[PDB]
Structure formats: C-alpha cells, structure tokens
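Novice: Pasting the sequence and an experimental structure:
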Protein chains: 4
Amino acid sequence: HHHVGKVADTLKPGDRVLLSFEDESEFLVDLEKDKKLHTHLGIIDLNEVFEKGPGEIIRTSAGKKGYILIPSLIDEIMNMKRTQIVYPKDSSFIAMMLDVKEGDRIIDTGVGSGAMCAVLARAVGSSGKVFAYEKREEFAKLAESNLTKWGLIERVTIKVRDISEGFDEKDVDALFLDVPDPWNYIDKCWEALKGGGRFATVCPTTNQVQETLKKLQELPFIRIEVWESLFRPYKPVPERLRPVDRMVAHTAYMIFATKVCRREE
Amino acid sequence: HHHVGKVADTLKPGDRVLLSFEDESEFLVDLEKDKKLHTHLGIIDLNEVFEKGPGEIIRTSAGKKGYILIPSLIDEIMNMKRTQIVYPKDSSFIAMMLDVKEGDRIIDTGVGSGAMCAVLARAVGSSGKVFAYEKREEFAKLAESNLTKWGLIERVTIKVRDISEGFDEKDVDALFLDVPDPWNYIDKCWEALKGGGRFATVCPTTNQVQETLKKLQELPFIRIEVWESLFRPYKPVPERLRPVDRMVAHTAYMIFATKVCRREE
Amino acid sequence: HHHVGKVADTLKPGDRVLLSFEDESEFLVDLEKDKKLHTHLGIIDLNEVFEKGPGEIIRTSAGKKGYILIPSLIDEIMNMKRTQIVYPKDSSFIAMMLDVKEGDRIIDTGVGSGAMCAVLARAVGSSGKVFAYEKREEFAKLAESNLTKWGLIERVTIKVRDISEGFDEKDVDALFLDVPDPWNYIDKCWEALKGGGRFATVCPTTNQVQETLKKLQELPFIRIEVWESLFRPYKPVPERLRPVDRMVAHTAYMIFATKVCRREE
Amino acid sequence: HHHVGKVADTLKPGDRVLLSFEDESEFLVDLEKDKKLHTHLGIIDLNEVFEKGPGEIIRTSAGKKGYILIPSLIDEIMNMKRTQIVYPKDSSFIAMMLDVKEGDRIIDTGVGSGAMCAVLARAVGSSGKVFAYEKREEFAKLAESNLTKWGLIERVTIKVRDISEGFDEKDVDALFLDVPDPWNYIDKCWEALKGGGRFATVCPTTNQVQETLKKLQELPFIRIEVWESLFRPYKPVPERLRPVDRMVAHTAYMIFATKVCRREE
Ligand SMILES: [Cl-]
Ligand SMILES: [Cl-]
Ligand SMILES: [Cl-]
Ligand SMILES: [Cl-]
C-alpha cells in the first residue's frame, strides 16, 4: 500500500522527480499533469506518478520496471541540462575545509550554474548568507532559477557585479573563488575576509596553481594547502568486487589559505 | 589595531583557540586565565590571547611568531585528543551523497567520538535532527561532550540503545551505519528509512564490502554504489610544485544504497 | 636526405611499420608491395614507404602528414588485432619484481596472445628460456605467431600441456601464473621453483586475491606482497599542464611471493 | 636436505645474500668467512650460510628464524647503502616505453648510483650497449662498482664526459635523460637519436615538466606523452584485505617523445 510517510515528499504538480530503471538509466523530470516521457524503455505516463510516492514502482508501456525517487542535490547538479561546474566530490570537501556553518557570511564568485553556490547555501543554514557575485547576467539568472528550484534562493544574494572594484562585504567568514584568473582577485578576497577567515579556489591546470600560490604568498595568508582527489567506484558485485574499468582522472586542483591581519608587527 | 570584526568570534575564557606557527606546528587549547603552554617553540602566555583576536600575532617567550585562529570542525576532528573516526575527506562526501539537508531526520550509529555525527548535525540545520545510537556509554558521553563543545548538541539525540532491537524512528530521510558488522543490521536500517531514503556505511576491508553488498542485494535497495577516494596534497611552492612524498593510502570503502518499498508488485 | 642510419631498421617487404599522424591516429601494418591503406585521412601508398625510412614523412592522398615508425613491443601489444592481456604497465613491473635476467629459466602459464610471454622472453636474454604452458591450441598458435613476428620465438618453448599434472621443469628461477583459478595451481608452482625462486600472479577481483593469498599462506612462501598501480597521463600542453579527463581505473591486482624450502626445520 | 638446484646460485665468499626474517626485517650483506652480523634479532654467523643455500633457514643466536635469499636488482637498488634514484616502479616502465631490446645502443645520462643504468643494461642484452655519461667522477665510480657487483658492467661504457658538447654516438635506439635541467640538453639528445628513436626524461616538479615540454615542442619530436604512476600495496591478510595505511605519493613525472627527421619537407 501507499504509505503517507514524509509529508514534505508528497508528489505534486511541478515537483521534480527522478525515475530510476533496472539498466541504471535515470530520468530527471518536472511532474506535470498529462505529460508523457518517451524513452528507450518505453512510455512513462506521469499521471501515474501522482498516484504513487517515493520508493514506489512505475512501469513503462513496455513493462520495464522503474522506481520514483526524489532527486538529491547531487542528482540535480549532475543531470544539469550543461555548463562547467565544481563537481560534488570537490564541492563537499571545499565547504568542509572552509568550515561553512550556521550563520556564516560567505562570498562566492563566479557562480555559473549555482552548483557550488548551492552547497555553500545548504551549509550556512537559514541564518547565514551567501553573497554570490556573478557579472554574467545569463549565469546570474540560471543560478537564480536553479537555487529557487533547489529550495535555497532565500539564502543567496545574487549580485550582478564586477569584482574588480572589490566586494561590498567585510569580515566574511569564508570565500570561494572560481574565475579564469584567480591571481588577479586575491587582494580583494583578502580584504573581504575576517581575521582567521578561510579562502578556497579551484584551478584546472598546474600553471594556474603556480601563479595563484605566488600571489597568495605575497599577502598575509597562512596554512596554504593544495589538494587533489581521485574518486574510484567499484562494480557492486559481491562475488567479483573490483574497480570499474574507467574513472574521472581530474576535475580541479583545490587551493586553501587562512587570512591573518599582517605578516609582522 | 585590534578590529572588532565578527563579534561571535570574540575570544573569552573557555573558548577553544588554535595557535599556528611558522614551522606548521599547531596547538588546540582551551583558553583559561593564567594558563601557560610550554612548547618546543617556547612558552605561550594565554592571558595575551584575551587581548588579541583571530588573525592576530602571538609570540612565544623565545620570540617565535604564531597566529591565533578559531579552530574549524576539521581541526577539532583531527586534533582529537584519540579514537577511530570517519575522516573529513569521507564524511563530507558521505553527507552530500546522503543529501542531508535542512529539516532532515537522520539515524547515525555507532557514534564514537561524534566526528561523523557532527558533520550530519551541521547538515540537518536547526530544524532537523540526528538520532545517534550508541550503546557504549563511554562513547555516548564523549560524543555528548564533543558535540556540546562544537555547538551542535541541540541537533543530536544521543540514545544509549542497542540497535539489535531496531530503531524507534520510521520514515527517516537517511541513515549512516558504522559498526564492525554492518551486514547484521541492514534489515533494521531498511525498516527505518522512508521510501526513497538513502543509506550509507563504511567498511575497512574488501571482505566486509563483499559481505555488506550481499546483504543489501537481498533487500529492496537500488542505486547501490561503492566508492573509495585518494586525497593527495602538494608542496605549496610556486617554483617547485609537486605532490608531497607520502600520503594516506586508505581510510574506508564507502557503500551507498537507496531504499525502495518492494522488489516487485 | 634519406639517412642509412641503423641498418637493422631498414624497411622491407613483410616488415611491420607504424604510421603516425597529426591527429594522433596510428596504423600498424605489414609492408607489402602494391598495398594501399584507405583511412579517414586518405589513401597511403605503401610502395612509398619502401623509398623512405623510420622517422621520415609520408603523405596521404589528401595531403595529411604522417610519420613512418618502427613499432615497439608496447605498440604491438596494444594494437593487438583482440583478446585479454596483461597490460604493459603491469607486465614491465612484474618482470622486474620477478628479477628476470640473462640466462633465467622461467615458467609462464597460461599464455594467451603472448603479450606477457614476450616481456619475459626479452628479459631472459638469448641464453635463458621461457617454458610457456598453454593447453588452448588456438592461443598456443596465436602466441607462436606473435612471438615469431616479434623476434622472440627462439627464447620460448610453447608447450600445449595441461598444468594440472604439474610442470616438467624444476628449479626454475621465476614463475608467472595467469589462469582463472590460480589457487588451484599454487602447489605445482611451488614445486617447480628453485629455493629463493620468485612467483607472481594477477587477479582481476579482490575475492580472487583473498583466495590466492589463503593458498600461498598454506605453503612455504615468504615476502608475500600485493600491489596495484594507477597510471595517469597528462595533456602535454606546456601552458596548460593537467591530467587527461579520463583514465584506466583497473587492470589487475598483482601478487608476489618467494619460495623457501620449508616452514620449519 | 640441501638441494644442489641452480648451480649459479651457489653461495660463496664475496657473494651478496639477503637474509629475510619473520618480522619482515631484511639484511643485504657480503658473505665473508668469519663475519658476524649483530642485529635486533640476534647474531647471525655467516659461516653457517656457506653450509646452506638459497631458500634455506638460518637462525640467529636468539633462535629467530630467517631465510637466505639471493637479492634481486630491486633489492640492491632499494637497499642502496644512499643517493637519489629512479625507482623501480618507474625504471621498468620507462625501459619498456623506450622499447629497449637485444642489441640496442642506448644513451643514459646522468648515471648516479647506476640504478636506472642497470635496468637499461639488462634490457640491451649481451649484444647491446649503454653509453652512460657521468661527468661526476664520484658517481662514475659508484656506478662502475654497483654495475660490476650486479653483473652488468660489460654492457655499460661509463664516460666521464660533459654532455654540453653533445654525445659521441649517432643513431642510438633510445636515450634516457636525468639531469637537473633537461631543457638545456634536448637538442643534443635529438641529434644523437636514430629516426624513430625514443626519448625519455624524468622531472620532479610540474614546473620542470612545463619547461621540458616547451623545449620538446620546438624540435622534431612526435608522440609526446607525460605519465605519472601511483603504486599501492595491500595488507596480505586473506580475511582482511585492504590497502596499507600509507604509500609513496610521488617519485617523478615521466616524459616521452619519438624523434623524427623533420617537421616539414
Ligand atoms: Cl559550480
Ligand atoms: Cl566518527
Ligand atoms: Cl598476456
Ligand atoms: Cl638512477
């Protein structure tokens, strides 16, 4: 039988659902009355979904068995319908390294699709705020749309502002920087951070890491660290457990630093 | 001059501070009037710290320069004065994979020092709750002490309860399991999860992964995945950028699954 | 001008050549008079190759520039026209770990395409020998053909023999085992090895590693080790040096052991 | 009983042996009459070794059980009594990528302890030759001593010569370069290689990789590749198989290229 369960997860018109099938295909869709999805596994009648609930079965016209799920933020970030993102394996780590916590004031720039922005927004809680600087109007509006859909827009002030003139905010708890040329903005980042505030940026190349580190070392920053991660999945076969054949080899070099007031008395 | 800055970061008696020095030694201490720290860099008079602020310099008796910092949760987890933990590189990822978010109800068991518990507590927000089952009284009390110090105890209900009889809660959003023998508890975990709820566990060995996967595959779980990560730091020398000589080779295999109501109609 | 250079590299009818183009496509072909290759870059007239030499340019009918090269053993193993192999990243390491050297007597079983066999054959020198047991006639003949083409057949005695009855040779220097069920052959391997002789095998799964280790530990073997390697290539762009986007995540777990005469006096 | 076995492995005065104990300590020593080794496991009387053979047991004065082994080249390279080396995980791979084979003429510079030199010497066979340029007399003599002990000196011509004036040899099959500043020698390397000859170098830092790649790209070289490898060992416990806690994070970036005669007709 249909369980009432968690009421906030009740499926209604306009909700996002994730339909997951035996061959591991997944479809992220907006629920709307009288919509049909045409897939390689057959037709899915979304009207049926309104009479079901998360964790329940849905069958295609061809009898293929799928399950109705509530998408996670990761699901949304990955099924991003497509631009460049900070991937979840990195964003989660970066948010913890930045110690983002309830009530924090955080600067994020640029914003892009809002994927990293969303992670930071979850972490600041209802009482914190992300000041998200994005001079590219098209991305400001994409992020606004995504963050709204993801239930996080109330926690993010999107500012269509060029950061060359500096940030408006002072004494922010942490700052994440993701721009093509981070070395050109490190001074402004330093100025915005509280004493003991935390800085992170991502660089795609080793050349960029080198240049960014040089700039950090010119300013009052300590505890400078550079990290990369490799995540490897395994075939979930109890009798034949082994890594998958191919993996992602690289997303980004992550650089962290802590602001101090001065180098010397 | 001393900047007022972020008022909640004001240093007072009983606060935790992190003192960070040029040779990269770091000391996590409770601030108390008239306490001195004796270190290989000299004596630090903590009375001085009350007249300073985060990001400011403190000198030892031997003239060595350090900085006063507010410890992060990572700092607290790592400077754990020592038992087995889920490391931050894993806990951050696991919390994001579990989609832990504002208002979520989460089961955590066992608890240990509370390191993973803390990550989950930050993620559920002020409106969520972590039900933390820990039958070992000594660890229940350690976790209570740590979570209190870390400003998170209001979000965690520590239950000194054996999980062999099942969990009290139903329809929880996600569940994290960390026990020596996770295969013996998967049924109870399934029962506690909402439809579409998310499960994670950690296993130190490949044998344990194999056994846990077998048990998951007997129950109504889909989207089963197994992950490991390797994190590599670099020497932050702009002119000689290269990985450090030695790294951590292994913490844990991470296993995830999503609860569904049934395998077949 | 055409340089005489290394005379043994002179191109003649029946030689293998590797033609390498700007878009990184490579074509491994047998040189024969009046043959043409039809490719996505145009037609290559192999008659032209006989009037050129290694390191020289060859143009397709469409004006695309390629270079004539002598294929390496790696090139031959990879451009294997297709069955399961031990990959070069592993075979090179395994041969060094086995200390394969001039004059050594080495057992190899099974053989397959002869890829690992070839590596061992190079390592034993002109005075050593590889005893290659391959009960599958089709693979015995493939390996014979490959090893002949690769100039190594004089160093390999291919024996179409079932290893269930043991090896004919005693006191061999090293032994490489690659079969679906290595645990069923470890006793026979031990019997064939000299005192202090070296054993290696490869296993695709962690389950197989576990079973193989159990069997090794029942016999007089010491210095038991298990290795895996990850090889990551980089984009060779001086101004934008970074890892390629995707890599191989897994070939094989490698297990090594050294034979001793007995566990106790 | 004592088995005659492989006669070339007979232990005699002046031979190197490796004594391997239960706690995994290993001692590489020169066998000499009336020598005793004093270790944390007790005294080993080397006179006893002359009455034993590889794979046989030797007991210390304190009753601890060890085994007599013939050291491998890896053992010799690692138990290097200490300077900078190319590690076996890299040297084996590099020698295969360079396609070093019977009869090849190979340039190696610098030489150092001769560790990489030895790998190349094994690979060229009795009919090939390594021209090893080492202007540092102390390292020329160390390498000569090591290569002699390792049975490879007949295959290596050590030249105490500065490479700034170029190499004497032309049309060599492959060349390995290991110097602090490889970009300053790439022209001379190109000049020495045959058409289709293979080049490799190692760089400790990403900066050095960038500079070396720039220089390669100025000259007639194709198939330029950059590789790194991570090797991870496992605890060989069948019931608790998992990676060791800590591993080597970095040895060297490996760069390869193939010489062609010219960039354009
Ligand atoms: Cl993003
Ligand atoms: Cl924990
Ligand atoms: Cl093979
Ligand atoms: Cl070396």
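Specialist: It's in. Numbers count the residues shown, from 1 in each chain, chains lettered A, B, ... in the order given. Ligands and ions are numbered 1, 2, ... in the order given.
Novice: How about the secondary structure of the residue of chain A found nearest ligand 2?
Specialist: Of all residues in chain A, the one sitting closest to ligand 2 is residue A:96 (13.7 Å; Cβ to the ion). Every C-beta, even on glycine, is put in place using the N, C-alpha and C of the backbone. Assigned by DSSP: H, G, I helix; E, B strand; the rest coil, the conformation of residue A:96 is helix.
Novice: Now do the helices in chain A.
Specialist: Counting by DSSP state H, residue ranges of the helices within chain A are A:46-49, A:73-78, A:88-97, A:115-124, A:137-149, A:186-192, A:206-218.
Novice: Could you export those as a markdown table, including mean neighbour count and distance to residue A:35?
Specialist: As requested, the helices of chain A are arranged in a markdown table below (neighbours: other Cβ atoms under 10 Å in any protein chain shown; distance: least, Cβ to Cβ, whole Å):
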| stretch | mean neighbour count | distance to residue A:35 |
| --- | --- | --- |
| helix A:46-49 | 16 | 5 |
| helix A:73-78 | 20 | 19 |
| helix A:88-97 | 24 | 29 |
| helix A:115-124 | 27 | 26 |
| helix A:137-149 | 17 | 17 |
| helix A:186-192 | 19 | 45 |
| helix A:206-218 | 21 | 44 |
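Novice: Any chance of TSV for the ones you listed, columns distance to residue D:29?
Specialist: Supplementary listing: the helices of chain A in TSV, determined by distance: least, Cβ to Cβ, whole Å:
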stretch	distance to residue D:29
helix A:46-49	75
helix A:73-78	57
helix A:88-97	48
helix A:115-124	58
helix A:137-149	68
helix A:186-192	56
helix A:206-218	44
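Novice: show me what contacts the nearest residue to the residue of chain A closest to ligand 2 once chain neighbours are set aside?
Specialist: Among residues not flanking residue A:96 along the chain, residue B:92 sits closest, at 4.1 Å (Cβ to Cβ, 6 or more residues apart in numbering or on different chains). For residue B:92, the contact set (Cβ atoms under 8 Å, 6 or more residues apart in numbering or on different chains) comprises A:92, A:93, A:95, A:96, B:119.
Novice: and whichever residue of the stretch 51-200 of chain A sits closest to chain D, how many neighbours does it have?
Specialist: Evaluated by Cβ to the nearest Cβ, the stretch 51-200 of chain A has residue A:183 as its residue closest to chain D, separated by 15.9 Å. Other residues near residue A:183 come to 18 when the count uses other Cβ atoms under 10 Å in any protein chain shown.
Novice: right, and it touches residue A:212 too?
Specialist: Yes - taking Cβ atoms under 8 Å as the contact criterion, residue A:183 and residue A:212 are neighbours in contact, 5.3 Å apart.
Novice: touching chain D at all, the longest strand seen in chain A?
Specialist: Selection of the longest strand in chain A by residue count, based on DSSP state E, yields strand A:221-235. No - contact between strand A:221-235 and chain D, assessed by Cβ under 8 Å from any Cβ of the partner chain, is absent, since the two come no nearer than 8.5 Å.
Novice: Can you name every helix or strand that that strand contacts?
Specialist: When contacts are defined as 3 or more Cβ pairs under 8 Å, 6 or more residues apart in numbering or on different chains; DSSP states H and E, strand A:221-235 packs onto helix A:88-97, helix A:206-218, strand A:242-243, strand A:246-248, strand A:253-259, strand B:221-235.
Novice: between the helices of chain A, which gets nearest to ligand 3?
Specialist: Ranking the helices of chain A by proximity to ligand 3 (Cβ to the ion) places helix A:88-97 first, at 34.0 Å.
Novice: That closest one near ligand 1 at all?
Specialist: No - no part of helix A:88-97 sits near ligand 1 under the criterion Cβ under 5 Å from the ion; the closest distance found is 7.2 Å.
Novice: same question, stretch A:135-142
Specialist: No - under the criterion of Cβ under 5 Å from the ion, ligand 1 is not reached by stretch A:135-142; the shortest gap measures 9.7 Å.
Novice: which residues make contact with that stretch from outside it?
Specialist: A:83, A:110, A:111, A:112, A:113, A:114, A:134, A:158, A:160, A:161, A:162, A:163.
Novice: give me that answer again for 7 Å
Specialist: With Cβ atoms under 7 Å, 6 or more residues apart in numbering or on different chains as the test, stretch A:135-142 has contacts from A:110, A:111, A:112, A:113, A:114, A:134, A:158, A:160, A:161, A:162.
Novice: contacting residues for residue A:115?
Specialist: Applying Cβ under 7 Å, 6+ apart, the residues near residue A:115 are A:77, A:85, A:86, A:91.
Novice: if I look at the residue most central in space within chain A, how far off is ligand 1?
Specialist: Chain A has residue A:115 as the residue nearest its centroid, 3.0 Å off, counting by Cα atoms, centre = their mean. Distance of residue A:115 to ligand 1, given as Cβ to the ion, to the nearest Å: 4 Å.
Novice: Tell me how many other residues surround the residue nearest to residue A:154 when sequence neighbours are not counted.
Specialist: The spatial neighbour of residue A:154 that comes closest, neighbours along the chain excluded (Cβ to Cβ, 6+ apart), is residue A:126 at 7.8 Å. As a burial measure, the neighbour count of residue A:126 was computed by other Cβ under 10 Å and equals 13.
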